[PDB]
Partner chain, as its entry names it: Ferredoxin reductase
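The chain below stands alone and is given in structure tokens; this is the form deposited without the partner chain.
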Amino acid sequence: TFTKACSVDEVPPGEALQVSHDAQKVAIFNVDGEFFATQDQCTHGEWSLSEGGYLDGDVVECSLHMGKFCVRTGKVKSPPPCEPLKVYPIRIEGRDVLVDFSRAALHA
């Protein structure tokens, strides 16, 4: 089941947004009109990747110790993080952004 998480204008290109469902915090990223959803917690220290997190193209930088992840694959781009992010399916219908919060997946 895909759940409406936010509306598209809440996440403009180059921005991120934290959403929540059940226990789970999820970061929504808009990269040039394409939407991506990952776990919100940085895998180094669990800081929110949607709190002061710079987005440079499709690479998000954690504000705390400058760890970086590709928001497409969840793959690490710069330490201190070691583990990739969980990634969630995400779909746009009209102005609605829908995320399947039940379907977290993880590389490697």
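Positions refer to the first chain, counted from 1.
Just so you know, the form solved in complex with the partner chain exists too; it's not on screen, but the next bit is about it.
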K4, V11 and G33: each with a heavy atom within 4.5 Å of the partner chain in the deposited bound form?
no
Tell me, yes or no, whether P79 is in contact with the partner chain in the deposited bound form, where a contact means a heavy atom of each within 4.5 Å.
yes
With a 4.5 Å heavy atom cut-off, would you call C70 a contact of the partner chain in the deposited bound form?
no
Indicate whether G53 is a 4.5 Å heavy atom neighbour of the partner chain in the deposited bound form.
yes
Please check if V59 has a heavy atom lying within 4.5 Å of any heavy atom of the partner chain in the deposited bound form.
no
Could you pull out the residues of 46-81 that have any heavy atom within 4.5 Å of the partner chain in the deposited bound form?
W47, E51, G52, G53, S63, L64, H65, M66, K75, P79, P80
